[PDB]
């Protein structure tokens, strides 16, 4: 079960994208958002976003969400369970800043429309999508 967490945090860190849905917001649609973490494992999970993001208005002090995640080869599927709330902490913005994130804000770190969400993940259901090689066959083409 330590293996599982490791695989998850690795997949998550490199593949990043989490589809994130909130009931009663936008018809419950799960939006693809790019996850970021400090370090190689362990949350919270951070998403850069925009102040006008509808999700923001409705999060209040924090809300229960289910994040849907798959690795980019579908060898791992995780249903992430945790609390989601805005936490646009300037210190955190500095830590998580990079040229990729930077491309999104006209105003840079100081963009008044910049927002940051944190997902405090307490558990995830994780499915491994494990494979077996077979004798390779020589075939005329």
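Residue numbers count along the first chain shown, from 1.
- Mean CA B-factor, 10-18 versus 125-133: the higher value falls on 125-133.
- Averaged over their C-alpha atoms, the temperature factors of 103-111 and 63-71 are higher for 103-111.
- As recorded in the entry, 57 carries the highest CA temperature factor of 93, 84, 80, 57.
- In the deposited entry, the Cα temperature factor of residue 32 sits in the middle third of values across the chain's modelled residues.
- Remark: residue 42 belongs to the highest third of its chain, ranked by C-alpha B-factor as recorded.
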